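Reading through the structure tokens given below for one structure.
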Amino acid sequence: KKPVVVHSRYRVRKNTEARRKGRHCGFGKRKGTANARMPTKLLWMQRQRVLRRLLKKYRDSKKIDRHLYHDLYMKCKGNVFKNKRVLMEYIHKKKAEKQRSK
Amino acid sequence: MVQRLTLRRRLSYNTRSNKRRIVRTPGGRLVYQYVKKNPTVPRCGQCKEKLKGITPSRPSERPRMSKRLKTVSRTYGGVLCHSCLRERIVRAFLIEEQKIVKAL
Amino acid sequence: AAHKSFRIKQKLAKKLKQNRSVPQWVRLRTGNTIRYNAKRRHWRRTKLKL
Amino acid sequence: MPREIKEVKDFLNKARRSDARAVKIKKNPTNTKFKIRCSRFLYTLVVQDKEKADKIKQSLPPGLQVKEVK
Amino acid sequence: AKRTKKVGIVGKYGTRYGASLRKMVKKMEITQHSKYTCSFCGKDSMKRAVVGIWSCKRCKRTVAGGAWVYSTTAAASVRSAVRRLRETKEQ
RNA sequence: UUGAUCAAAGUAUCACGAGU
RNA sequence: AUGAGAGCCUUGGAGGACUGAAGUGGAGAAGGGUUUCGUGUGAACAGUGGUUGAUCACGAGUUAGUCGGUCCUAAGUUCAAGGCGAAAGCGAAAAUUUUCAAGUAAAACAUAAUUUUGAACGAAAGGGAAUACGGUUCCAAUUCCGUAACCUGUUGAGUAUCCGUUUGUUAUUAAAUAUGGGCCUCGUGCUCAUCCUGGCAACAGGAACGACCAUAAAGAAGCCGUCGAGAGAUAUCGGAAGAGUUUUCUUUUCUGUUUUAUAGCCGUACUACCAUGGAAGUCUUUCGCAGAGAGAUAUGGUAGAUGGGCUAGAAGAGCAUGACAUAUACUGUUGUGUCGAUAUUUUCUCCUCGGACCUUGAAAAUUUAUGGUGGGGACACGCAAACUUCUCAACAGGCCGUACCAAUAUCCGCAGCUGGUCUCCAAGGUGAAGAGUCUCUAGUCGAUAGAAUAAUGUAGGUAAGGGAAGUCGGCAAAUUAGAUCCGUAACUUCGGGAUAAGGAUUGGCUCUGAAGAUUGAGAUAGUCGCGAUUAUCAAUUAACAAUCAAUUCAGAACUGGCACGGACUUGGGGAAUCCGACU
RNA sequence: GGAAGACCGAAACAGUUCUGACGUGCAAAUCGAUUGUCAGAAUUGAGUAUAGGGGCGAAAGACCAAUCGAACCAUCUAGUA
């Protein structure tokens, strides 16, 4: 069968791993734009639905009132939510401001 | 990779005579299989929504399917929606009754 | 090729069965004037078209 | 082999007809496949207890050709 | 913010065609393919197909009308003109 | 007021019968 | 090796480099017409040779019901005789041409309201009966065998359909798709009759009334960007099996793990329906806007599953990876086929909505169901029957087109000529990427040769100073080129000019900071015997507690030709004129 | 949020300056550097119309088979000087 010549991927599993500690992407290799390296219409897609995936658990676990989404959806249709971190204190504060008021 | 795929029927150009897919084999060889046009359903006509209860098909192979697969029990069965006909029965029913009292 | 028709399959035998050389004894007739053929076809020095 | 049939009596009822000229059986380590080549169709019983062969093999129409591979 | 400063929806067609021809399609495409209160379906679901041929997208009533607005002010005037006149002939 | 209607009923006198 | 004789081609052994998957690679169209293949070879033929050739000599070689021409019709040929022309014939929407009706199981007494152009060609790219899988020859395969389905037509066999009652059976029951009814002595008598049953519905079921007339769809789409799933192509992780290398080191880099059509059963992505219900403190929902008293969220259901997933297909199928054993031979036999995950338009697919638009996106052959007055079935003690749209068996399916090149050697280029030629599949890395550089996979060395460092030329360059003086003229040619961070002038129709200019910054190596998913975690009291067993929910909890996860960022130490996008990809700029607006 | 006859760019095509490479070629128009558009007035395989004093022409008398201010092929044609 003329036994084949090796085409070794050995060096490839040292670049797609040294990225996991980022050994190669500073400035000197980013030849594309940062825009279409990781596009907005997928970056903004990942964050926005993930907060919804926290929302529907928080819609119907019991922990947030039914009327507290259609003012918090406009904010999630707005901007002011970077992380899933900042969402929860702006519940824990605002679920407390509804608590002690009652 | 694979060792790539020709066409096997005569026609080459990517046309609507042959949309096509790739499945495998028991050899690992993946000849380039093609499928038919897409099967879908009749309509309600009035409401113009692709109706409910009726199998996808073409009209080509349709007569070798059984009666239940063709339509349903009511009148105008795959000819009308039940949204259609509930609007369609009563519409004259008062009017023909109105045609009684107007005939007096 | 490959989508011919039933003239151009039968026409193409006659412009094939005429592509032998001379019969390989008939230069011993009387008055032999036949050295090698008049109609003799190669296929890049001669075309068909008729 | 486009059909399977799990019932046993109809697996003998469909045996005696104009078709079903042969029966192909096969002894897996797992189970036993019952292939009976009919004219249009083909019928399949799956049996896996490794003991209900003999009582359901004979149980046969006597003139039937058996294709025995094991 | 106030994204452009004047032009609005013709801003696709910029730096072209002239001053008061960039404006004349503004005044005739802020009306077209905006949504209208349907006279029958009640909602606001009116987009175009071609010249003067509107349909709804809800309850499937389709009505022929004006060609850059839903129906012109030329049109209902006629719909008012034949209205008052119709009671005069037979009565 | 986005259904729909075709393919004689009625009537009259004869056939006013045949079979029976 | 062989050959009378070889830089080739002619091989086969190595092994150097190219073609780089928008190939010099595998197969399709037009055109070629015997080139494809073996066997044999002397001379012209192969702008050099020649032991092989697209030359001759000499032999073989193209199998089909399913691939396809065949039917349908498209722009249009003007192609019945109304017409005109001296005739041929007519750079012709021949719409007038006794009936110029196809006719239609039809009825007297032009079968009745009905049919306008009578006819045909026109698409191996559009429409369109139905199939694929494994091996197989000197060259052929959705064709040949092996095996496994279907369609169309024909024929045949079974196939709702036997009643109250009582033949089976005391009756309750049972053949009987569900018998009742008044009467009568019960009824035995009498009478009454089945052209299918289910669900509140959407619709469901194995089949259950078309012969015509009638609507209604499909048949029937353009093009753009799209979230959802899936297919296969790949990539990392782990068991396996056998191959790779070894001074040195490497639990390591490799091949390979598969399951087709047609079927049955589970059968959610996912929009739209049905029942309920009556929402404002408006609410639900996406990447968007879409939605709602013309019924929104809910509670359950309906139907489409294209999709998957197990079982039929599955002889350790076959195949493949290797085992052993057999001079060996169409042999023999052993073993394997096990799991997760992660992503992509370096591709197609069903589905979902929105988008430009004085751009609205073909016809018809064939086809379903429904409507329809008639008419034909049509007894209840049964015998059944059913172009039955059910199950299932026999039965044929004619006609020809198939080999090969499919273009730096089969085309046309007077020629084996860098030249124009329709599309199809399309990999590793870097990376924005189908770039451009590079290898695996396939395939090629084919361009006359060994030699030799003259000019001039042919193309690829650098050259100390100054830098347009040069020349018609800044034209060949050089700097700039990627991305992030600012920083942006006059004139503007206020959309620009905008990459303005004018700048800084950019390795390798060692790290922290951030952007997610599934189980949330889960007190409390006892039981059995810590094992086993039984529960409420606040705080939790911001990268909780377990667990897996893409890859792009946001910084910082330390260090090196002091070169940093290191080659490739790739811009010089600025005030003015005069044009012409622009693409 | 992705619209515009919007931009830099690749196979698709075009053909600008070098007036560079052969100008008895690779060729009765091509090669090599350079440059423009590149999601529409776009690019295109097949089918069909259009006819020699006319077809067609986003207009140059371009193009009509290597011919175009009138082809192309036989004649009256040994046409006249």
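Chain lettering (A, B, ...) mirrors the order of the structure tokens, residue numbering begins at 1 for each chain separately, and ligand numbering begins at 1 in order of display.
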
TODO: Could you give me, as number ranges by chain, the residues within 10 Å of range 5-11 of chain F, counting only C-alpha atoms (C1' of nucleotides) and dropping anything in the same chain fewer than 5 positions from it?
DONE: G: 112-113, 213-214, 372-374

Writer output for current selection, N, CA, C and O atoms (P, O5', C5', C4', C3', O3' and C1' of nucleotides), as a PDB file, in the first residue's frame:
```
ATOM      1  P     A G 112     -80.731  18.428 -27.642  1.00  0.00           P
ATOM      2  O5'   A G 112     -80.224  19.438 -26.524  1.00  0.00           O
ATOM      3  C5'   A G 112     -80.951  19.612 -25.318  1.00  0.00           C
ATOM      4  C4'   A G 112     -80.030  19.950 -24.176  1.00  0.00           C
ATOM      5  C3'   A G 112     -79.130  21.158 -24.386  1.00  0.00           C
ATOM      6  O3'   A G 112     -79.775  22.397 -24.139  1.00  0.00           O
ATOM      7  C1'   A G 112     -77.847  19.356 -23.552  1.00  0.00           C
ATOM      8  P     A G 113     -79.272  23.758 -24.845  1.00  0.00           P
ATOM      9  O5'   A G 113     -79.266  24.835 -23.673  1.00  0.00           O
ATOM     10  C5'   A G 113     -78.487  26.019 -23.766  1.00  0.00           C
ATOM     11  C4'   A G 113     -77.541  26.091 -22.602  1.00  0.00           C
ATOM     12  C3'   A G 113     -76.106  26.503 -22.912  1.00  0.00           C
ATOM     13  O3'   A G 113     -75.894  27.906 -23.008  1.00  0.00           O
ATOM     14  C1'   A G 113     -76.093  24.520 -21.627  1.00  0.00           C
ATOM     15  P     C G 213     -68.352  16.787 -18.105  1.00  0.00           P
ATOM     16  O5'   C G 213     -69.439  17.788 -17.516  1.00  0.00           O
ATOM     17  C5'   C G 213     -69.051  19.029 -16.952  1.00  0.00           C
ATOM     18  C4'   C G 213     -69.997  19.463 -15.867  1.00  0.00           C
ATOM     19  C3'   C G 213     -69.403  20.383 -14.821  1.00  0.00           C
ATOM     20  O3'   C G 213     -69.390  21.731 -15.239  1.00  0.00           O
ATOM     21  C1'   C G 213     -70.643  18.647 -13.774  1.00  0.00           C
ATOM     22  P     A G 214     -67.986  22.486 -15.366  1.00  0.00           P
ATOM     23  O5'   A G 214     -67.859  23.239 -13.976  1.00  0.00           O
ATOM     24  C5'   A G 214     -68.964  23.953 -13.463  1.00  0.00           C
ATOM     25  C4'   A G 214     -69.029  23.881 -11.965  1.00  0.00           C
ATOM     26  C3'   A G 214     -67.829  24.403 -11.204  1.00  0.00           C
ATOM     27  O3'   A G 214     -67.801  25.814 -11.138  1.00  0.00           O
ATOM     28  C1'   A G 214     -68.539  22.374 -10.258  1.00  0.00           C
ATOM     29  P     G G 372     -73.541  19.241  -1.585  1.00  0.00           P
ATOM     30  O5'   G G 372     -74.139  19.104  -3.056  1.00  0.00           O
ATOM     31  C5'   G G 372     -74.744  20.216  -3.698  1.00  0.00           C
ATOM     32  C4'   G G 372     -74.875  19.986  -5.178  1.00  0.00           C
ATOM     33  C3'   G G 372     -75.565  18.696  -5.572  1.00  0.00           C
ATOM     34  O3'   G G 372     -76.973  18.803  -5.546  1.00  0.00           O
ATOM     35  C1'   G G 372     -73.561  18.896  -6.778  1.00  0.00           C
ATOM     36  P     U G 373     -77.781  18.205  -4.296  1.00  0.00           P
ATOM     37  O5'   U G 373     -79.022  17.456  -4.951  1.00  0.00           O
ATOM     38  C5'   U G 373     -80.124  18.195  -5.447  1.00  0.00           C
ATOM     39  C4'   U G 373     -80.279  18.023  -6.933  1.00  0.00           C
ATOM     40  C3'   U G 373     -80.833  16.692  -7.394  1.00  0.00           C
ATOM     41  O3'   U G 373     -82.235  16.627  -7.279  1.00  0.00           O
ATOM     42  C1'   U G 373     -78.996  17.317  -8.751  1.00  0.00           C
ATOM     43  P     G G 374     -82.933  15.207  -7.058  1.00  0.00           P
ATOM     44  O5'   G G 374     -82.949  14.563  -8.509  1.00  0.00           O
ATOM     45  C5'   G G 374     -82.735  13.175  -8.674  1.00  0.00           C
ATOM     46  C4'   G G 374     -81.977  12.888  -9.937  1.00  0.00           C
ATOM     47  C3'   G G 374     -81.687  11.428 -10.206  1.00  0.00           C
ATOM     48  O3'   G G 374     -82.798  10.737 -10.739  1.00  0.00           O
ATOM     49  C1'   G G 374     -79.728  12.679 -10.551  1.00  0.00           C
TER      50        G G 374
END
```

Determine, for each residue of chain G having at least one atom at most 7 Å from an atom of chain B, the closest pair of atoms and their separation in Å to one decimal, counting only C-alpha atoms (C1' of nucleotides); order by chain and ascending number, as a tab-separated table.
```
residue	atom	partner	partner_atom	distance
G:26	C1'	B:4	CA	6.8
G:27	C1'	B:6	CA	5.0
G:28	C1'	B:12	CA	5.5
G:67	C1'	B:9	CA	5.5
G:203	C1'	B:53	CA	6.9
G:216	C1'	B:79	CA	5.9
G:217	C1'	B:43	CA	5.9
G:218	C1'	B:42	CA	5.9
G:219	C1'	B:59	CA	6.2
G:232	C1'	B:22	CA	6.0
G:233	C1'	B:1	CA	6.2
G:258	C1'	B:28	CA	6.1
G:259	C1'	B:26	CA	5.4
G:260	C1'	B:25	CA	5.5
G:303	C1'	B:53	CA	4.8
G:304	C1'	B:52	CA	6.9
G:319	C1'	B:27	CA	5.4
G:348	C1'	B:21	CA	6.6
G:367	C1'	B:59	CA	4.7
G:368	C1'	B:59	CA	6.7
G:369	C1'	B:78	CA	6.0
G:370	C1'	B:76	CA	4.4
G:389	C1'	B:66	CA	5.3
G:423	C1'	B:13	CA	5.2
G:424	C1'	B:12	CA	5.8
G:425	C1'	B:5	CA	5.2
G:427	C1'	B:1	CA	5.3
```

Task: Residues within 10 Å of range 46-51 of chain H, only C-alpha atoms (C1' of nucleotides), excluding chain neighbours under 2 positions, as JSON, numbers by chain - done: {"G": [30, 74, 75, 76, 77, 91, 122, 123, 125, 422], "H": [54, 55, 56, 64]}

Can you check which residues of chain E DSSP gives as alpha helix (DSSP H) on the backbone and send them as a PDB file with N, CA, C and O atoms, in the first residue's frame?
```
ATOM      1  N   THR E  73     -55.761  62.938  -0.111  1.00  0.00           N
ATOM      2  CA  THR E  73     -56.813  63.913   0.115  1.00  0.00           C
ATOM      3  C   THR E  73     -57.559  64.255  -1.162  1.00  0.00           C
ATOM      4  O   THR E  73     -58.613  64.890  -1.091  1.00  0.00           O
ATOM      5  N   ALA E  74     -57.045  63.851  -2.323  1.00  0.00           N
ATOM      6  CA  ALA E  74     -57.834  63.930  -3.540  1.00  0.00           C
ATOM      7  C   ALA E  74     -58.971  62.923  -3.509  1.00  0.00           C
ATOM      8  O   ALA E  74     -60.049  63.174  -4.054  1.00  0.00           O
ATOM      9  N   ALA E  75     -58.764  61.806  -2.825  1.00  0.00           N
ATOM     10  CA  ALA E  75     -59.613  60.633  -2.952  1.00  0.00           C
ATOM     11  C   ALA E  75     -60.852  60.666  -2.077  1.00  0.00           C
ATOM     12  O   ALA E  75     -61.955  60.411  -2.572  1.00  0.00           O
ATOM     13  N   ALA E  76     -60.694  60.951  -0.784  1.00  0.00           N
ATOM     14  CA  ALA E  76     -61.837  60.964   0.120  1.00  0.00           C
ATOM     15  C   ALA E  76     -62.756  62.140  -0.166  1.00  0.00           C
ATOM     16  O   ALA E  76     -63.952  62.077   0.146  1.00  0.00           O
ATOM     17  N   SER E  77     -62.203  63.218  -0.732  1.00  0.00           N
ATOM     18  CA  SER E  77     -63.010  64.322  -1.233  1.00  0.00           C
ATOM     19  C   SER E  77     -64.001  63.828  -2.269  1.00  0.00           C
ATOM     20  O   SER E  77     -65.181  64.178  -2.231  1.00  0.00           O
ATOM     21  N   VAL E  78     -63.527  62.986  -3.188  1.00  0.00           N
ATOM     22  CA  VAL E  78     -64.419  62.307  -4.120  1.00  0.00           C
ATOM     23  C   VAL E  78     -65.352  61.361  -3.383  1.00  0.00           C
ATOM     24  O   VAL E  78     -66.553  61.300  -3.678  1.00  0.00           O
ATOM     25  N   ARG E  79     -64.827  60.639  -2.390  1.00  0.00           N
ATOM     26  CA  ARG E  79     -65.684  59.786  -1.580  1.00  0.00           C
ATOM     27  C   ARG E  79     -66.672  60.608  -0.768  1.00  0.00           C
ATOM     28  O   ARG E  79     -67.747  60.115  -0.415  1.00  0.00           O
ATOM     29  N   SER E  80     -66.346  61.868  -0.492  1.00  0.00           N
ATOM     30  CA  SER E  80     -67.349  62.773   0.040  1.00  0.00           C
ATOM     31  C   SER E  80     -68.182  63.417  -1.061  1.00  0.00           C
ATOM     32  O   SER E  80     -69.341  63.773  -0.817  1.00  0.00           O
ATOM     33  N   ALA E  81     -67.628  63.572  -2.271  1.00  0.00           N
ATOM     34  CA  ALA E  81     -68.373  64.251  -3.331  1.00  0.00           C
ATOM     35  C   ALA E  81     -69.507  63.387  -3.855  1.00  0.00           C
ATOM     36  O   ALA E  81     -70.620  63.876  -4.071  1.00  0.00           O
ATOM     37  N   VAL E  82     -69.256  62.095  -4.050  1.00  0.00           N
ATOM     38  CA  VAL E  82     -70.332  61.220  -4.476  1.00  0.00           C
ATOM     39  C   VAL E  82     -71.276  60.891  -3.315  1.00  0.00           C
ATOM     40  O   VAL E  82     -72.375  60.385  -3.544  1.00  0.00           O
ATOM     41  N   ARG E  83     -70.854  61.158  -2.081  1.00  0.00           N
ATOM     42  CA  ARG E  83     -71.692  60.850  -0.949  1.00  0.00           C
ATOM     43  C   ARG E  83     -72.894  61.785  -0.887  1.00  0.00           C
ATOM     44  O   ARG E  83     -74.050  61.336  -0.870  1.00  0.00           O
ATOM     45  N   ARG E  84     -72.641  63.088  -0.910  1.00  0.00           N
ATOM     46  CA  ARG E  84     -73.725  64.060  -0.814  1.00  0.00           C
ATOM     47  C   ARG E  84     -74.546  64.098  -2.085  1.00  0.00           C
ATOM     48  O   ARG E  84     -75.725  64.459  -2.049  1.00  0.00           O
ATOM     49  N   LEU E  85     -73.946  63.739  -3.215  1.00  0.00           N
ATOM     50  CA  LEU E  85     -74.686  63.840  -4.456  1.00  0.00           C
ATOM     51  C   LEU E  85     -75.637  62.671  -4.650  1.00  0.00           C
ATOM     52  O   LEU E  85     -76.614  62.813  -5.394  1.00  0.00           O
ATOM     53  N   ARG E  86     -75.395  61.534  -3.984  1.00  0.00           N
ATOM     54  CA  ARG E  86     -76.172  60.334  -4.294  1.00  0.00           C
ATOM     55  C   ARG E  86     -77.604  60.452  -3.795  1.00  0.00           C
ATOM     56  O   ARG E  86     -78.511  59.816  -4.339  1.00  0.00           O
ATOM     57  N   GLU E  87     -77.831  61.259  -2.765  1.00  0.00           N
ATOM     58  CA  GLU E  87     -79.176  61.418  -2.245  1.00  0.00           C
ATOM     59  C   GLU E  87     -79.994  62.410  -3.047  1.00  0.00           C
ATOM     60  O   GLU E  87     -81.126  62.700  -2.661  1.00  0.00           O
ATOM     61  N   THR E  88     -79.445  62.954  -4.128  1.00  0.00           N
ATOM     62  CA  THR E  88     -80.140  63.977  -4.893  1.00  0.00           C
ATOM     63  C   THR E  88     -80.846  63.429  -6.125  1.00  0.00           C
ATOM     64  O   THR E  88     -81.851  64.008  -6.554  1.00  0.00           O
ATOM     65  N   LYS E  89     -80.360  62.329  -6.702  1.00  0.00           N
ATOM     66  CA  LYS E  89     -80.923  61.851  -7.963  1.00  0.00           C
ATOM     67  C   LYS E  89     -82.263  61.157  -7.766  1.00  0.00           C
ATOM     68  O   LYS E  89     -83.295  61.624  -8.257  1.00  0.00           O
TER      69      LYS E  89
END
```

Open item on the list: List as an MDAnalysis selection string the protein and nucleic acid residues near residue 8 in chain H, meaning an atom at most 12 Å away when only C-alpha atoms (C1' of nucleotides) are counted, but skip any in the same chain fewer than 4 places from it.
Closed with: (chainID G and resid 481 499 570:571) or (chainID H and resid 37:38)

Task: Distance query range 67-70 of chain D at most 8 Å, only C-alpha atoms (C1' of nucleotides), self and fewer than 6 positions along chain excluded, as a PyMOL selection string - done: (chain D and resi 22-27) or (chain G and resi 315)

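The shell of residues at most 12 Å from residue 556 in chain G, with only C-alpha atoms (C1' of nucleotides) counted and near chain neighbours (fewer than 5 positions) removed, consists of residues 510, 511, 512 and 513 of chain G.
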
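The list of residues with at least one atom within 12 Å of residue 52 in chain D, based on only C-alpha atoms (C1' of nucleotides) and without residues fewer than 5 positions apart in the same chain, reads residues 8, 31, 32, 45, 46, 47, 57, 58 and 59 of chain D.
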
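Residues from chain D found within 8 Å of chain G are residues 1, 2, 3, 4, 18, 19, 26, 28, 44, 69 and 70 of chain D, counting only C-alpha atoms (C1' of nucleotides).
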
Put those residues in a file: C-alpha atoms, as a PDB file, in the first residue's frame.
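Saved file selection23.pdb follows:
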```
ATOM      1  CA  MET D   1     -35.790  -6.429   5.084  1.00  0.00           C
ATOM      2  CA  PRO D   2     -38.536  -3.871   5.437  1.00  0.00           C
ATOM      3  CA  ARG D   3     -40.686  -5.368   8.197  1.00  0.00           C
ATOM      4  CA  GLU D   4     -40.439  -6.890  11.647  1.00  0.00           C
ATOM      5  CA  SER D  18     -47.502 -18.830  -2.418  1.00  0.00           C
ATOM      6  CA  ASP D  19     -44.414 -16.831  -1.448  1.00  0.00           C
ATOM      7  CA  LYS D  26     -28.617 -16.648  11.952  1.00  0.00           C
ATOM      8  CA  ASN D  28     -25.803 -14.118  16.892  1.00  0.00           C
ATOM      9  CA  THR D  44     -38.535 -10.731  10.711  1.00  0.00           C
ATOM     10  CA  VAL D  69     -25.736 -20.443   8.544  1.00  0.00           C
ATOM     11  CA  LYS D  70     -24.140 -20.407  11.993  1.00  0.00           C
TER      12      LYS D  70
END
```
